[PDB]
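Structure 1 and structure 2, given next as C-alpha cells, are two forms of the same protein chain, each shown alone.
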Structure 1
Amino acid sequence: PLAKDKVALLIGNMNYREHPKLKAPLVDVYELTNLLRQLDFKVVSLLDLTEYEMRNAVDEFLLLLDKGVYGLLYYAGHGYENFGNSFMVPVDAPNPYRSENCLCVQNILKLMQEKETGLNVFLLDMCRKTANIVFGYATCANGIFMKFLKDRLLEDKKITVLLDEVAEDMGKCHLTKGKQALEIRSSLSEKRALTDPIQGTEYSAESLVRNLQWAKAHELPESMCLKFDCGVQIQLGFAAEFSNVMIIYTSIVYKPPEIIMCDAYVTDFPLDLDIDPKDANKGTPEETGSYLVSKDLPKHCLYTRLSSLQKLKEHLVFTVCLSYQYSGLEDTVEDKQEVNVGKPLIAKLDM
C-alpha cells in the first residue's frame, strides 16, 4: 500500500477571548507534529486560530486531498454538539456560542467524502460544550487522548486496528474507565497505515511547487549579526515552535573591553502581532509562553515569542535597542537599529 503524498493539518485552540483556556493543545499539537514528521508527513501546525483563519486552513488542507493522498486533520480545543452536529470553536467565538461562527464537523466530513484519497484520518480532541475516512472523536502534560495515541502512532498496523487499541488503553485508564470518551467512525475499505511509503517521488510541476511552497511557508530568517558604532555586536537568532509561532532570541556576541554594561532588547513590532512589551525580552523562553522549543534554544539570551504570525500582513520590521555604559562614565548611552526579516513561516502565504 502506497501513498501519493502525506499531508497533515494540526490546529490547537487554547487562548480563547470569551471562553476557558486549555493547556493540553499546546503540548499535544507539538508532539503530534514531530511524530507525524517522523512518518514522512508534510505538516502544518497552527495555534490559536480565529474563525476565518480556521476556514482558510481547512479549505487549503482539503485542496491537497487529491487521488491517492493520505491526509490527516487534527483539532484540539473547544467544541460543542447542537442537534446531532459537532462544531470546532475558534478563539474569537463569542459567549454564548452561535453555530454560524464555528466550523461544523459534519460539513468538513461531507467535503472529505467527495475526495478519492487513499486515507483520510480526522481526529477531534475536543473539550465538549470511497474516501477511506477514519474519524476519531474524543471528549476528554498531555491530554488523555494524545498520551495514549502518541505511544501507538508509530506502530506498523492498520490505523483502525491502531485507534481501536488506543480506545482500549483509554477504557482501562482510571480517569476515563468505563466512560464514553472515544468514538471511532470508519469507512476504510483497505489495509492503510500512517507508516505506508510515498510512491516514487517524481518531477511533476504541480506537486513540486506545492511541496516547495510548503518548504517556503516554513523558512526561518537566517542568523543575524548587528554591529553598533560603539563596537558592540549583537546576534539575533530565530526558532519555530509552530507554523505560526516563531521565537526571537538576542545575545551580545562581542563587547569592547572599555564598555562596562550592554543590554540588547527588541521592540516596535508590527501591531498586527499584538506583542505586549511586558512579555518580550525575557531571560528564559518559559517566561514568554514557550515551553517546548526551550530545551533546543541557546542559553543566556533574551527571548520574545511571536505567536499569531498568520496575522502579519507586512514585512516583519522591528527595532533592536542597545543601552550601554563606558568605563568611568556616569551616563548610559542608547542606540537603535531597524531590522527587516521578511515574512517568516506562514506569513509568506500573504494572508
Structure 2
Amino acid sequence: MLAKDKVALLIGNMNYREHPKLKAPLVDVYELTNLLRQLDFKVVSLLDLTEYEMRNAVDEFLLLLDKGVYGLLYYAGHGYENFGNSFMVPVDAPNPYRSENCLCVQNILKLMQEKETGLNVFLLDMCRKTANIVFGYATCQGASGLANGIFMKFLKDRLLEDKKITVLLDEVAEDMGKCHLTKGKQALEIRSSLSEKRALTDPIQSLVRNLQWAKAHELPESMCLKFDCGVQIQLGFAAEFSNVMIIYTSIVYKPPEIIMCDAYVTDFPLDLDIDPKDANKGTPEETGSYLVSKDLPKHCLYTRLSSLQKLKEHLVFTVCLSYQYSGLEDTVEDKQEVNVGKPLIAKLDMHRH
C-alpha cells in the first residue's frame, strides 16, 4: 500500500501534419496532470510530440521504473491497429500509417513487464483504430468552451477516490456504459496483473528525484526592459505543459508623448515552428492556451511556445516597440535581444537515444 516514488508521463497529440487534428488531448492532459500532481506525482506533461521525441520520452519514463515505484503512462492521440498490434501515432508520421514511424504498445508493455514497480498504469485514449501493470485501453475520441474527452470525463471524477486502480478502471468502464456514446460501442478494455491492493491515492515513505523534477520545471523570472525613448516593458511567463510556455508583454511606463505602442515578441529560434501569424495576440485564448485571460494579466500581448523539447540552444528572441504619436506621420521601431536560457523541459536536452 506504499510507493517508493510516484512518477507519471502524459503525452497528448493535438496537431497532426498529415492526419486529422484532435481537440480533446489538451484538456485531458492539463486536467489529468493537476489531478496526479494532487496525488503527489512528479508528472511530465508533453504536447505535440514527433516519432523520435515520443520514443525518447517513453524510454526516459521507463528508466524511472525502479523497484516499488508507481508509474503512470497516459497517451491521448491517434492510434493504429495492424496484426493485433496497436500503435501510438506521432505528429510527424505520414498518411497512410506505417509501423516504422509509430510506437508499438506491445513493445512498451514487454519492457514494462521486465520491471519491479509496485504499480504501473498504462492508459491509452486512442482515436480512429510481478510488475503490477494495469492496462487501460480506450477507443473513443468524439468528445464549457473547451473539449474534454469521453474517457477523461469519467476518469477525472473517480481518479481521486481511495479505491484499487482496477476497481476504479472497472467503474469508469461501467460509467461509460451508462453514457449514450460509450454504451453503443465498448471503447474501454482493461488488462490487469495486479496481485495487491495498490491505489493511485497511496502514500510515499530517494527524494533526490523530487529535486530533479523541480529543476525540469523551472520557469524564467519576470523581466523588465528599458528602452531609449523611455518606455519600460514587462516580460512575463506562465507554464501550461512541460514543453508549453506562454510569454506575455505589458507596458509599465508610457510618457505623455507616446499615444500608441505595444511590445511585440519575434525572431524565436528556427527549431520551434512558431508562425508570427499566431503570436502577439490580444488574449491568451487566441493561441490557444488552456490558460484563460483571468489567470494572466489583461492588456498584454501573448505568444505560446508550444514545442520546447526542440530547444537545443538557449532561448534568444527580439522585442520590438512599434511606437507612433499622431503628431508624426511615420511609425518608428527599436529592438533588443533577450536570453531566457533553457526553460521548463528545454533544460534537459531531449537528445538522444
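Every residue number counts along structure 1's sequence, beginning with 1. C-alpha atoms forming the largest set that superposes within 1.5 Å between two forms make up the rigid core.
Margin query: Looking between structure 1 and structure 2 after fitting on the rigid core, I'd like to know which of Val43, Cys301, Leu35, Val293 has a C-alpha displacement of 2 Å or more.
Written below: It is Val293.
Using the core for the fit, does the CA position of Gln325 change by 2 Å or more between structure 1 and structure 2?
Yes; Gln325 is a residue whose C-alpha shifts (by 2 Å or more) between structure 1 and structure 2 when the cores are overlaid.
Did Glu258 shift 2 Å or more between structure 1 and structure 2, C-alpha, core superposed:
Passes the 2 Å threshold, so yes.
**Prompt:** For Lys177, what C-alpha shift in Å is seen between structure 1 and structure 2 once the core is overlaid?
**Reply:** It moves 1.2 Å at the C-alpha.
Once both forms sit on the same core, give the Cα displacement of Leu212 between structure 1 and structure 2 in angstrom. Rounded to one decimal, the shift is 2.3 Å.
Q) So, with the core fitted, how far does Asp279 move at its Cα between structure 1 and structure 2, in angstrom? A) The shift comes out to 0.8 Å.
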